[PDB]
Amino acid sequence: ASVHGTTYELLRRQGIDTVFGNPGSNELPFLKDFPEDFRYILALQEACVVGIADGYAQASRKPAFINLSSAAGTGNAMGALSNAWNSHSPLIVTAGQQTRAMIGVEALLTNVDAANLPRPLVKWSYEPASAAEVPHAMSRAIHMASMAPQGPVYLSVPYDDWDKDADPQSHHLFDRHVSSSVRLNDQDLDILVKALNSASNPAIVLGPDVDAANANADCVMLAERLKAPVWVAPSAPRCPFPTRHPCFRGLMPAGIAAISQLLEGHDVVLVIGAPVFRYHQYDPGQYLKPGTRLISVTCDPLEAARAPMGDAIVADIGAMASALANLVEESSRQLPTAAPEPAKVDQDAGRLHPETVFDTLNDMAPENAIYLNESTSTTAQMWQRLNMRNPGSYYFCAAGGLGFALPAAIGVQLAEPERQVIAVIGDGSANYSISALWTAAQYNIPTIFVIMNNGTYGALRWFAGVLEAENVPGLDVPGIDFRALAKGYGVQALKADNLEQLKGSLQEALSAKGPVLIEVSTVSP
Amino acid sequence: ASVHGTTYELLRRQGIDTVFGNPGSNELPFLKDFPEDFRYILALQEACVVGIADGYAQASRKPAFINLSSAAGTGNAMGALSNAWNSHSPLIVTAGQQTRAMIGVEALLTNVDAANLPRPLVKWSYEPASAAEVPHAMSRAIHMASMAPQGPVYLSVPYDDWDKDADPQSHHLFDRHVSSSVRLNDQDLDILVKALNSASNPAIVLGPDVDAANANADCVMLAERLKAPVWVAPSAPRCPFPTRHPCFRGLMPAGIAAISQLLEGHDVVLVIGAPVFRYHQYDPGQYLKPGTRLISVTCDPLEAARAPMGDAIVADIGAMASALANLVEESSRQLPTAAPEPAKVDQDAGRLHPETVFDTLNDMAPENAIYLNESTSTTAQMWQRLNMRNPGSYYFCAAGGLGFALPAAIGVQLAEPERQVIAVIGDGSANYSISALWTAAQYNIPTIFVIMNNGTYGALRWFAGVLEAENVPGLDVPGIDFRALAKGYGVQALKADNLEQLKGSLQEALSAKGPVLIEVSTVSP
Amino acid sequence: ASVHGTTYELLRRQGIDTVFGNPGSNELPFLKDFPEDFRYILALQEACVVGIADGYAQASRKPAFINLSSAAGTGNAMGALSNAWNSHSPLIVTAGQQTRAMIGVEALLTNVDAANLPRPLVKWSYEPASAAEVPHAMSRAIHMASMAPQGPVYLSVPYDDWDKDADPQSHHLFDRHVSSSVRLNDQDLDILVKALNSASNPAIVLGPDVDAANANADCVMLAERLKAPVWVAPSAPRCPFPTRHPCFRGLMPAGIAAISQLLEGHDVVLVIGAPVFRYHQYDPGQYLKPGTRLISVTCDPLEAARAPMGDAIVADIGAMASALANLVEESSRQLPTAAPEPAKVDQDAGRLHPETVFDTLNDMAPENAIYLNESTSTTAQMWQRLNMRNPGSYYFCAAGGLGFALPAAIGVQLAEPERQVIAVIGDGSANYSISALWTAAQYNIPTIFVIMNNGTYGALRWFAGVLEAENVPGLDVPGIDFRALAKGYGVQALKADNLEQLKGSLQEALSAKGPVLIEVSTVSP
Ligand SMILES: Cc1ncc(Cn2c(C)c(CCOP(=O)(O)OP(=O)(O)O)sc2=O)c(N)n1
Ligand SMILES: Cc1ncc(Cn2c(C)c(CCOP(=O)(O)OP(=O)(O)O)sc2=O)c(N)n1
Ligand SMILES: Cc1ncc(Cn2c(C)c(CCOP(=O)(O)OP(=O)(O)O)sc2=O)c(N)n1
Ligand SMILES: [Ca+2]
Ligand SMILES: [Ca+2]
Ligand SMILES: [Ca+2]
Ligand SMILES: [Mg+2]
Ligand SMILES: [Mg+2]
Ligand SMILES: [Mg+2]
Ligand SMILES: [Mg+2]
Ligand SMILES: [Mg+2]
Ligand SMILES: [Mg+2]
Ligand SMILES: [Mg+2]
């Protein structure tokens, strides 16, 4: 067998059947004789390639495979990799390298010091020392991406390797099963369970690794047993809990003082599947108030190490959530009562308040819709206004890197063909990965894109106001016609200048057979 | 509180009470006002500092704290860090940096790009962005070193940071408890247990993380239940099993073909706490023979990812070994019978055969002796000839880096004051970290050093023979007087030119009140 | 031809004929069939290997070639590499890697992520992607080490590469000539010359790259023409000027305020071949006083970029010094008058003051002696008391990393067999690379080692006093018998407890046929 044949067999035996890519010369010897059982999903720029693959991996809860073009292709994707790192996305990023005979002279397309290029945004980065090593290196990449804490990995392959003879002993790679599905030993788990049972006023905080693990239902059971309020950890990349469940208390503010104030009076705070904590704004104060102790369950040693307070347990979130939910006592305390309905903001017949948009989406979207958020000034209102009953219903750029949601929404829709994906994206954010629209059109992936057009980088104007920072340049983005951009890439386009038009446009989009972009005229901050 | 006061409080609250170091200018502001409850152990060169700390950590099964002098001090220790990486040794390596005001100009003693210096031999490497961050960074270092898979970490601290005011919120760091004491979920563990119970001819292979976890006794129970032979994984850094137990089969040869041949006919091979596998010599063939399947339990994702065959489970070795030992059925098969006694090699009244030395050590040493090995051509015979009944009885440089055993033997003896440590070190190896002897003398740490003097780099002569490599320079090391070196550093010295003298010297050494070096004249290969 | 044959031919065609090494398994296929025209110099630990090679390179003014054993060997040398980086030493560091077939599994002796290991202390670091690339990679290493600014480089080679067929086109590598012997263009050089000619009170500061370039005599001519005082830049690794020439003003204090004060009243300060500046102690103030402007000529862009003041020119020091010396006008100003003789310190019949030792060395040593300094508390007095008329007469650890002088003195003596080398080394410093003594004995390299024994880390006690730092541990190093250590490694040993004995010992050492160590009892600080 050739290295080419052996590598594709390894991929298929490990459950990989799709290649997300943008091709180049160094990758042609890999992509040739492309297996008939594999799919290739082309995107027009590498931030888009990786964003699509990322959405696909996060929604499918399995690794996604990517193929990029040497250093420049890899480099174009590095902003996307920053998000993937923070979301623990299992991405296998491969890039083609020059033929071994031309690497020394640094021929055009040589990826110099290749393994260092994507650092520090990958768990493992490597270029094999010989062609016959390639299948083994691929095996390492697959497992490194897939083991807790999941994350992106990078493999660079000289293009002449693919046609070389494989080592017959590579067959031992094909069916390897590697598990990190582990939980705290019985003795210490019993101690934890007793602490939870004994708490007088427990609280629960959930992060994105809960949704990644599909631990949502177990966390619901845990919250109901403990009769505990449930918050989502700040800067949330995913939604880990049904947002209209009686215990739900919403998205935590991303500030030190704000969080300790919210947790005041709670004697035990159990954090599951989140960093402690992904703060953003400078909001100095106490990490916790006197009387509150914190216990974190995380899949990531780096998270456990850097928490400024609390105990921690490093384990698989699925295994831990299931064990805790099934072991804790049913508290005799009263179940928390549901948060009240959000207020209806006054809305005239002109430009749309974001609150109006979210209320309308919630009214019209199917109950199993999936939302993506890259409308950076409206996140708090989005979290209050969308009833998300099911797992896998929300994605937001985990490192705050714009250019995620547009392509990721296409990958999510590919992963979940029966769930309508609706990406709510600001006019500023829409540009970073605008060419991803083409992939939706070409493959007829029926994502709906809602562009919130207020003509400005609103979140930055807000932060500038907070800083009392005057005379900041570059905050306005006038003069973008999103319907024309959609037409440019072959996506049906609609405009909504008022509520009547928004309702009409959404009705049309929800009944469409392909992707649709709706440009919404929203109020200026 | 100052950063100095807060950091020492964090260290003591996290169980650290000893600093292994060689001091420099950038470290004086850390070392001043040294707490009266802490010990400082000086060594004269940094390979020695780190080797001592490494032995101490491995034997104590807890992190050891190191303080080195900027880049040059760190650099002098990097060979020692290579061993520590391979042995999963929990080492907190700190180094002083220039004052922040002088870093930009690159004043003398500036550690440039400090965090990159010890890579790739550390789990985490960092320099804090401000003085008030230092305690938090130290907390991260402690936990990163201590979490599975354990390993060395690096923290660089500008010397002006220590006198600055600490953040009062740093108190939340002091008592953090972080656990990685995890094992496979019940459902999948039951599957594993059933596979072991159903095996017709199981075999067990154990690596150093078993001894690190003190899982030895549980592995004995497991082997007795399964009625399975037990091998030690190749290139063994520690001894994970009693070497005269009936199931014990010794050290595996470090070759691909040799290992698959040894495992032939075993249907299930369970590897615990080892890489799969730390081969050395080129010995091509099948990774496993038809009919053999392999299951690896490892604490290290990097090990699980790179195994060329078998399934893997990434979990704590202590928790897994205990669970397996207590869950498996007692097989009705016959218990394996003990390996026969080693042959007595013919010995005249002249220079000592290594076999004679090991037999004599085994005869005379206490049953709870601890051995270290850096006699590179005699390892196989050492493993056959020493009855090591107890955990923590053997150490060998885990990355094959010479200069480990001499200082490590001092750290081990410090960790285990009631167990006689005997380091068996070749004449070549003895030189790498020779100045460590001084620390044994100064602190009266009563390690016994047995120098095997055959005048040559014997293992290299052997490998050259294997390669049929002629005209290799640099293989002979004549003209070293080890008694004089011992005298130079204040250690009692004895010579053994024959068996009578070896017995006399060992009797003297075993009754001595301080460290003793015995130079043994061994046969030339 | 084989890669082995082709690589040794490249080395010899590029002027390399000596390998400094400590061998290991991965290097045996390189070292076998060692060419009869090459020398191999063995040292017993890698800090010693690199120190010896460094002294050899610095004194010979040409690259030195080193061969180390995988990661652990490389790591043991990293403190030595820190000095080599700061001294711009052209060192070609090679290390053996595992066979390509065993790299993936990370067999024992695999150097993981090899090229990152010596960073940031090398100019270039690399592992070739195939065997046939090895000669080209070696060519790159040779030239990278040798081009201005000179420095260490690193090449990792899988051991199976050596026996493979070389590319016949590699012959084009053999005779490549690469020059960086460049100077400022005529127009701008004329501007510089006019500025120097027009200065009313110029001063000159010289650094180690002057001595490396053998630009010393040209700098003497320049100073005589400009009638300018000459200082040596702080933390001096080499001596760039005759120390009894009338213009000489000595070693600058390594402090910001001290230097600007010394330069006050000088309108133009010309710095040649030094960083601006290698300060050490914290001594805040003005970088330059009003009225002083600075112009730096440096071979190193990194130095030019980081200077906090002045203009800079990046060019070859030899070419620039020669051009300036020959272009400037002869000033009608009076030539500076020579510094007065140093005072004779009172000396009784007991332990030696360092001043006495240096005066005695100056009295007894040949006029072409070469000194090395690792007596850290006595540097200022050494610089005042040794008349060093010739180039290449002084070396001091350029990054302040101890363990340099003892091995470097052996390399310098090998480079300069007709010039008596005298290394003055503190009792503390002597231990870092003590085993280097063996190389001097084995190859009969007649270096004289003068150990200044005061029982303490004196420079650290001094700095602690400056910090008013109390209760610092680890500052005393009692109980070392240096005569016994010398005997241990086969070097003739003498002791000097008083001046009479010092004179007798020096007379004996200067007439000896081999290396000699003199242990001098010096006064305690
Ligand atoms: C790749 C990238 N570039 C720039 C930013 C900075 N940025 C920017 C430019 C924001 C404004 C986005 O504007 P929008 O139109 O998408 O949404 P809002 O008007 O609701 O803020 S929010 C923010 O953090 C970023 N996060 N990521
Ligand atoms: C730091 C370092 N340098 C060099 C080596 C190479 N090496 C060397 C030099 C060996 C010979 C050791 O000789 P010895 O006298 O200690 O023992 P034997 O004579 O029994 O081999 S074994 C080996 O791998 C190494 N492993 N580590
Ligand atoms: C590799 C390394 N380790 C530690 C130091 C710290 N250090 C040390 C330990 C000094 C004392 C040297 O003592 P000495 O006996 O050689 O000389 P003095 O007594 O004259 O200071 S000076 C100094 O910077 C260093 N520079 N380099
Ligand atoms: Ca906007
Ligand atoms: Ca030997
Ligand atoms: Ca001293
Ligand atoms: Mg258990
Ligand atoms: Mg699907
Ligand atoms: Mg490094
Ligand atoms: Mg379970
Ligand atoms: Mg103890
Ligand atoms: Mg010109
Ligand atoms: Mg010469």
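One-based numbering, in listed order, for ligands and for the atoms of each. Atom set for the values below is all heavy atoms of this structure, side chains included, hydrogens, waters and symmetry mates excluded. The sequence lines fix the lettering, A, B, ..., with proteins before strands; numbering per chain opens at 1.
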Does the side chain of B/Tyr457 come under 3.5 Å of the side chain of C/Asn22 through a donor N or O and an acceptor N or O? yes
Between the Ca ion (ligand 5) and B/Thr456, is there an N, O or S atom separated by less than 3.0 Å? yes
For residues C/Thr74 and C/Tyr154, is any side-chain donor paired with an opposing acceptor at under 3.5 Å? yes
Kindly indicate, with the supporting measurements, whether the criterion side chain to side chain contact (heavy atoms under 4.5 Å, CB included) is fulfilled by A/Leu196 and A/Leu324. CA-CA 9 Å; A/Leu196 296 173; A/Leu324 289 172; 4.0 Å; yes
Between the side chain of B/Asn116 and the main-chain N/O of C/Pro120, is any donor-acceptor distance below 3.5 Å? no
Can you tell me the angle formed at the Ca ion (ligand 5) by OD1 of B/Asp427 and OD1 of B/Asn454, to 10°? 90°
Please report, to 10°, the angle around the Mg ion (ligand 9) from atom O (C/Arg119) across to atom O (C/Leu117). 90°
